[PDB]
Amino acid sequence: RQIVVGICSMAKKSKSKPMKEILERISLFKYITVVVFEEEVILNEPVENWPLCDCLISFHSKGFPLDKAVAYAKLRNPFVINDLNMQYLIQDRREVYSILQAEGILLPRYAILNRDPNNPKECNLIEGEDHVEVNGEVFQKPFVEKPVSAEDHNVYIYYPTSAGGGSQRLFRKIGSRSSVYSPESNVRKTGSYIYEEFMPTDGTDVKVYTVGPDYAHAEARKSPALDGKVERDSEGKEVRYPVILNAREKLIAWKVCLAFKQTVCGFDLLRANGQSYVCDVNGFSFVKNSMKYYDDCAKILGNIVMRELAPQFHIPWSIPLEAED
């Protein structure tokens, strides 16, 4: 019989252009059949009724029942490409930074302010005009304030008096904008936040996309922290700049991929002070608008599948050579 690769995610994701491009390519593997789980089934049917697969590619996004995906994997025991339990932790920035620290990965100096919604002022924060103190730890402006939920993209940056004060409020892109300036100089007074040192970059963020630990595509984009106008090309796509990762950064990608057990993994790097700091780990993420990535990603995932399962299915398989970039 064919090896079945099951795709389990919200329709918005499973039906996206990158997914469709990759799935048609994986389907070219002679011994692999692709089955995309319908959203109505994922949301409404018990896991006992979900289709069978031998290899499961499943990932959480807004609205996805991760509890069900976990239960399905427990029931059927398929080969899992992106670890499901780690996807709970990826939703919590505190858990993400904790794992990065444990792996010896450079990240901005940070402190967590956990606030009890019942006693919002009993928390360990002291505010000055040009600094905050979080559990005793001082952060001079400029500093970054992030919601503990990784799914809340309302990240704020606070500027020093020497720069005009105020704050930059970041958010999920709306049309042509990704952030806006506010005259507000005081930090948010409700919610729990991570406070971290602002890393001076050249004005771009490096986005890294892994396919297993030995492949990473990188590209750069204007930092939303800069002014908030999104740069677009003549076709309306966000402008992307070429990046090649150095040896240190290739090791970062290897470490992130394995530490979070996400074969397909996106994360963000800040090139600052001669080093590269991880500021965000997003989990499952494809490169968009790159035919070469489509080819490479599909080939690598197909090969991972065959490597793991070909012996079980008595299929001859000789492990092939793959790109790293």
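Numbers follow the displayed sequence, beginning with 1. If you superpose the two forms and keep the largest set of C-alpha atoms that fall within 1.5 Å, you have the rigid core.
- Farther on average from this form in 8 other deposited structures of this protein lies stretch 113-121, the comparison being between 113-121 and 181-189 by RMS Cα distance after core superposition.
- With 235-243 and 84-92 as candidates, the stretch whose CA atoms show the greater average offset from this form in 8 other deposited structures of this protein after a core fit is 235-243.
- Legend: mean Cα B-factor per stretch from the PDB entry, 134-142 versus 209-217; the higher mean is in 134-142.
- Averaged over Cα atoms, the B-factor as recorded in the entry is higher for 111-119 than for the other of 237-245 and 111-119.
- The residue among 250, 93, 229, 153 whose C-alpha atom has the highest B-factor in the PDB entry is 229.
- Looking at 174, 157, 86, 81, the one whose CA carries the top B-factor in the deposited record is 174.
- When the CA B factors of the chain's modelled residues are split into thirds, the value for residue 191 lands in the highest one.
- Sorting the modelled residues of the chain by their CA temperature factor places residue 224 in the highest third.
- The entry lists a Cα temperature factor for residue 304 that places it in the middle third of the chain's modelled residues.
- In the PDB entry, a CA B factor belonging to the highest third of its chain's modelled residues is recorded for residue 290.
- In this PDB entry, residue 30 carries a Cα temperature factor that places it within the highest third of its chain's modelled residues.
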